[PDB]
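>>> no sequence for this one, just the structure:
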RNA sequence: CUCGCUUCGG
Ligand SMILES: Nc1ncnc2c1ncn2[C@@H]1O[C@H](COP(=O)(O)OP(=O)(O)OP(=O)(O)O)C[C@H]1O
Ligand SMILES: [Zn+2]
Ligand SMILES: [Zn+2]
Ligand SMILES: [Zn+2]
């Protein structure tokens, strides 16, 4: 199951599995955010 | 013929702020500490060796701090931005390295780069990566260009070392005691020892008191011990005035009553009055006279130096002290402690220097002890320090001291607390004003009087209005806009010039010359530099030399004519302020000079060098004559005020027309605006803090002070301009309440965002087992995650963009129970919250310890409602009492309906005319498309804005004809309409609302917990119980304090009177007399504690009849 | 952060008049006459446009991109 | 197991800061308070 | 008035917190004082022996 | 959780 993250400066989609040291290809930066969900969200204009 | 005025004079203030001012204090102090002071400390402790096995040594050669780096990479460093340290909850430090030479086996081995520690690096300092960077480069580093800097980052939190205030050392202080006796005290403190020695007049004669003497001894005996034996010489030194001899006679008689007439006899007496320091190891021949002489030479009056056992200078110093006591014993000229000429400010640099000296001394002592333990017994494998130089000592000491904020220096016996504080990120103004704070040496621990008062000495140095409203009122202060803190000088050329200027040596003359009316003593940092006649020439020459540049411009010279003492101050920590020099009723600064400054020909340093502007110390400005304005300049004026509005501080600079208000309103506004909601910085989106408040549509104020422009507040506004109409409406604005418009709130007015942080850690334990996150526990019935695990992604971590409800898991954390198959118990990170929140981002990082750090940034969008606190930049804090529809609001002819209706009744009691002037100026400015200025002691006048209003077709006083929205009929009175810069405060009813069911209880005493965060209940204090008693409501008091809080049923034995359990008495080994009894649980705890204390309470029960 | 769509008090559409306003500032126009040319008669919309700070581009400078 | 209806649907559901192990079928509060 | 026995109080007066996040527990001062007293009694007995 | 420390609010 492809778990995808975005690093803080490359902003490239990195697929890392469990228990992997947090890094990124073509960088060495170690802040790895999670992508936005695909589920629909309903908002109120109020 | 009015005196000409230099209009562009105020332009001198920005140029000063180009090099000094708001934040440069901490940065300059830290740069000096890490570039100069650390080398001095290492040079002081360069060589370390052990007594065992001589010819072995460890010599330090040079020390470096380097650039900030992270040790995450395996034995490799990597450049790290401060924001990365913020996100990873690590410290922003640089490696303390040193090059050394030592001896392993009598062969010299040298290391050229050997790490020994880590320095937490102050942001924007010399070594900080952010220095010398462009705003684009700041954006690449995820740091706001407007961030003040000057604060440390430790374990992810921003700590600021507050500027400490303390009394100056090595100064004679004449003060009254508890019994009214006028005594003296001097706290002689050198680099090694601090000792406060006192002089008392308890029985009409003078005794000297010190901590090293068993009993205070007569001053004449000390005089005889210090070399001078003739009584006539002592009397000459004290003074030749008749009343002086009359006062000092009893001391001479008391001395003559004893047979003390030689130096040896007085030394023997003192040695008798000496106390051994807990059997000091090693005895150099029943020492006594030698002990007394050593105490006189070293311990007593340390700051006064004896060259080679020649107490002449110390004799002169103590004679001067006696003379001051005698003179003050008449006219009650008792010196006051609150005078800031005697106060000194310690910045971060001096504190860090002391801490690093202590830590380096401890490190060297540990190394020497290890050498002693290892070298003489081990093997032919020669001991070398490199195998033992632990590097976590200095780093851990620095990190713990900065983080916890408590400093314990045993070498100085200094136990300080609250040195560092968490930087407040409520707003840009909050951080900026906290960056310039000053803490007092005395704390709000007690009701003191004097320091808490606003002394006139604070002029130009400290902000008068900015002080925390509450228990710490007056004990926490803020620096003025234009101020500077001096550093230490070399003190050499001062002595050389003073000697060359005719100051006679003190040793050359007897003490009688001290009593002459025209002879003036000249001091230097508490040391008698000498004597002089015609002190006017000396002072003028010294000031002229300082202006010329041969003397450092921060060296201060002042004259005290009452005591006839010329003080020369060169120690650091003194407050200074630039002033324009005035010579013969014409300022040195001309229009041409300001034109050159504007064109860039010259800077502020050029003004300093050309004898146009000079720094004045508090002590020096005591002797000068300062004119506020040009028209105030008279014949006897020595200086001119650069700009009066620099008197106020940074927070007080936000107030428009602050001189038109009452001072408590200004103080309240400073406090309120420290808590104002608004933007933080340009990187506020990437930043993840524990609590963040943002405004949806911030707007820069319509009436802006020049201080706002200087600090670039308009780039990061913290409020919105609302069309305020001042009238009474619906009676829902009785006491400080205000009415908000429903349409305005529906259109985004006051819309705010609250960001909270939820962080979790997945750490690997000592056993090779680690915390792991399960995927969402899918419900087999529906093949969908359960409601609790609804928001979780496939990896068990909640995904950004979804909304979180109460009691829902954000991280499905499960952790092992062992430290054979591992057993995992669930400790999921649930979201406790009254309202729903949206996850904006999820940050996942990994520390060097394999600990996975996860941070969720929850976002809530809140609309103003009933109970939301609103301020008006004038201390008129208010609560939204009612939200009316737009149609119900009154409207003018143009159709404008106000956003905020504020009650007029708040004005007469508080006299906030500044708010009215601000409203008028804002109306005029928005009408003509201008930004009016509400600068302190200036700004746009009322006449100009009235002319602008009449030109634009509105009433010249803002009052406008208004039709009632409800009845549709015109109002009988004109209504005061205009735009006012209202700011929303962080105090929200949603966060403050609390309700408590039965809930949880405390284990020790089974009563509800304390705080809202812990779902605690409210507290019936002692006064609430007193009021209930006064009402006489016995049943309600019983129900509140017993039934509803800690009701319990115990079993009491009616025979022994002790407490049993389960209807059985273990003491009596019976169950016939055991009876149940209702009781508060706290009373049972008290009874059991008393039983444990051998205070046995025996209860004699009886029937209720 | 960004220019509000509606004026807070009256409710006139002011969001679409922001960038054009900047054009008038990119031209030689003063603040007052530019506001007059944009058609903002009552002073509330003039306060809306005049006192607004454009933080959206400064924040976008820190955007991921 | 629930002491009233004998079911095994014991759910740990905290209701307004009150930890509570309760039967999910008949709502019988098995245990409460921590 | 002279104590030769000490009534060590129940556990309710001296709550103990199992901080499983580390290898230790939070104990109040009374438990440590009692531990020191028992240790001193053992030390005195050993010295007498 | 306990404890202390700070910063607030009033
Ligand atoms: N330390 C305290 N103890 C008891 N009550 C307090 C304390 N601090 C604030 N309060 C509450 O706040 C109220 C104090 O307000 P008060 O002093 O009358 O007006 P104010 O704060 O001077 O406002 P102005 O400056 O006059 O506009 C009264 C009291 O119930
Ligand atoms: Zn990358
Ligand atoms: Zn009994
Ligand atoms: Zn409008």
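Here it is on my side, so go on. Numbering: from 1, shown residues only, chains lettered A, B, ... in the order given. Ligands and ions are numbered 1, 2, ... in the order given.

>>> got the contact list for the residue nearest to residue B:363 when sequence neighbours are not counted?
Once flanking residues are discounted, residue B:363 sits nearest to residue B:393: 5.2 Å by C-beta to C-beta, 6 or more residues apart in numbering or on different chains. Bear in mind the C-beta positions are built from the backbone N, C-alpha and C, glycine included. Applying C-beta atoms under 8 Å, 6 or more residues apart in numbering or on different chains to residue B:393 gives the contacts B:117, B:359, B:362-363, B:366.

>>> again with residue B:631
With C-beta under 8 Å, 6+ apart, residue B:631 has these contacts: B:2-3, B:5.

>>> so what's the residue count around residue B:40?
When neighbours are defined as other C-beta atoms under 10 Å in any protein chain shown, residue B:40 has 11 of them.

>>> er, residue B:449 actually
Residue B:449 has 8 nearby residues by other C-beta under 10 Å.

>>> hmm, back to that, between the contacts of residue B:393, identify the one with the most neighbours.
Counting by other C-beta under 10 Å, top hit in the contacts of residue B:393: residue B:117 with 25 neighbours.

>>> so it is in which element?
Here residue B:117, judged by DSSP states H and E, is contained in strand B:108-120.

>>> gap between residue B:10 and residue B:432?
21 Å (C-beta to C-beta, to the nearest Å).

>>> including distance to residue B:74, could the contacts of residue B:393 go into TSV?
Conversion of the contacts of residue B:393 to TSV gives the following (distance: C-beta to C-beta, whole Å):
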residue	distance to residue B:74
B:117	20
B:359	27
B:362	30
B:363	26
B:366	28
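
>>> which single one of these is nearest to ligand 3?
residue B:362 (59.4 Å; C-beta to the ion).

>>> part of a strand, is that closest one?
No: Residue B:362 is assigned helix when assessed by DSSP: H, G, I helix; E, B strand; the rest coil, not a strand.

>>> OK, contacts around it?
Per C-beta under 8 Å, 6+ apart, neighbours of residue B:362: B:393, B:397.

>>> change it to 10 Å
B:393-394, B:397, B:410-411 (C-beta atoms under 10 Å, 6 or more residues apart in numbering or on different chains).

>>> from the contacts of residue B:631, pick the one nearest ligand 1.
Of all those, residue B:5 has the smallest distance to ligand 1: 36.6 Å, by C-beta to the nearest ligand atom.

>>> distance of that closest one from residue B:598?
16 Å.

>>> may I ask which of the contacts of residue B:362 has the most neighbours?
Counting neighbours by other C-beta under 10 Å, residue B:394 comes out on top of the contacts of residue B:362 with 21 neighbours.

>>> verify the stated contact: that one with residue B:97.
No: the pair residue B:394 / residue B:97 is not scored as a contact, 11.3 Å apart, by C-beta atoms under 10 Å.

>>> overlap in contacts of those two?
B:115-117.

>>> dump these to a markdown table, plus distance to ligand 3.
Compiled in a markdown table, those are given as follows (distance: C-beta to the ion, whole Å):
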| residue | distance to ligand 3 |
| --- | --- |
| B:115 | 70 |
| B:116 | 68 |
| B:117 | 65 |
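
>>> find the centremost residue of chain D, please.
The centroid of chain D falls nearest to residue D:22 when counting by C-alpha atoms, centre = their mean (0.6 Å).

>>> give me the neighbour count for the residue lying closest to it once chain neighbours are set aside.
Using C-beta to C-beta, 6+ apart and skipping residues adjacent in sequence, the residue nearest residue D:22 is residue D:29, 4.9 Å away. When neighbours are defined as other C-beta under 10 Å, residue D:29 has 14 of them.

>>> check residue B:828 too.
18.

>>> try residue B:174
Look at residue B:174: counted by other C-beta under 10 Å, it has 19 neighbours.

>>> ok, it touching residue B:184?
Yes: taking contacts as C-beta under 10 Å, residue B:174 lies within contact range of residue B:184: 5.3 Å.

>>> which residues are in contact with both of these two?
B:199, B:321, B:324-325, B:328, B:335.

>>> buried ones only from the residues you listed, please, as a PyMOL command.
One line in PyMOL is enough to select the buried ones among these; burial here means 16 or more other C-beta atoms under 10 Å in any protein chain shown:
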select buried, chain B and resi 199+321+324+325+328
